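J.: As given, the protein sequences belong to chains A, B, C, D, E and F, one line each in that order. Read left to right, the first sequence gives residues 185 to 219 (our numbering). Read left to right, the second sequence gives residues 923 to 958 (our numbering). Read left to right, the third sequence gives residues 923 to 958 (our numbering). Read left to right, the fourth sequence gives residues -11 to 11 (our numbering). Read left to right, the fifth sequence gives residues -11 to 11 (our numbering). Read left to right, the sixth sequence gives residues -11 to 11 (our numbering).
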Amino acid sequence: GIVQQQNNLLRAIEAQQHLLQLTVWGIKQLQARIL
Amino acid sequence: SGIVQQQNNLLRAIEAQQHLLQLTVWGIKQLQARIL
Amino acid sequence: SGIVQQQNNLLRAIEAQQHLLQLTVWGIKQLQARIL
Amino acid sequence: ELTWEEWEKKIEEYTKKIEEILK
Amino acid sequence: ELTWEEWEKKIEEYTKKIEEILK
Amino acid sequence: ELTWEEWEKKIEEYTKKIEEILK
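(1) Specify the secondary structure class of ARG934 (chain C) as computed by DSSP and reduced to three states.
(2) Got a sec: is the Cβ-Cβ distance from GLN954 (chain C) to anything in chain F below 8 Å?
(3) If you draw a straight line from the C-alpha of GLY185 (chain A) to the C-alpha of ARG934 (chain C), how long is it?
(4) Straight-line CA distance for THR(-9) (chain E) to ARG217 (chain A)?
(5) Would you mind telling me which residues of chain E sit closer than 7 Å to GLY949 (chain B), beta carbon to beta carbon, in chain order?
(6) Pick helix, strand or coil for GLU(-11) (chain E), following the three-state DSSP scheme.
(7) Please check the pair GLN200 (chain A) and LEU943 (chain C), which I expect to be a contact at CB under 8 Å, by giving their CB distance rounded to whole angstroms.
(8) At a Cβ threshold of 8 Å, is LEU10 (chain D) touching chain B?
(9) Using CA atoms only, rank isn't needed, just tell me which of B:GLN928, B:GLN929 and B:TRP948 is closest to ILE(-1) (chain E).
(10) Can you check which of these residues, B:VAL926, B:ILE936 and B:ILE957, is closest to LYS11 (chain D) by C-alpha distance?
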């Protein structure tokens, strides 16, 4: 039901925001060791 | 609160997350360019 | 049309976005393995 | 694995895929 | 076409934007 | 500071987390 599917969608985007935070972090490391 | 308002909200955070994804593919391409 | 359909679409978006993430993680891994 | 061309290829196809689903 | 400063500013802007929409 | 191992482990964690919310 849509309240449940929507809570799940919110938790997905949260976790995905953490993955993004991590890819940004790695990019920053790399770049600080080439630039 | 109501399911539609919250549905919009989830849409806006998803398009914002696509612009973050875009920005990271850009930085990758940049360091790809430096290196190789 | 309606919230069942806008929700199916939202699910497929997050699915595809998870693939983009897998790809940016992959590129980061390449870069980093050629600096570290 | 992958090439960097094919990576670019795949990034471009998932970006238009999302970009369609988002209109 | 970007600087790394401006990239960082855009990452920070969209992160606060999502982070508002999620609180 | 993170280590690259622990980064990889966090990526793997969140990927299976999303991947199980997507079932």
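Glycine included, each C-beta is placed from N, C-alpha and C at the ideal position.
T.: Once the coordinates are examined:
(1) helix
(2) yes
(3) 17 Å
(4) 17 Å
(5) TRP(-5)
(6) coil
(7) 7 Å
(8) yes
(9) B:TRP948
(10) B:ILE936
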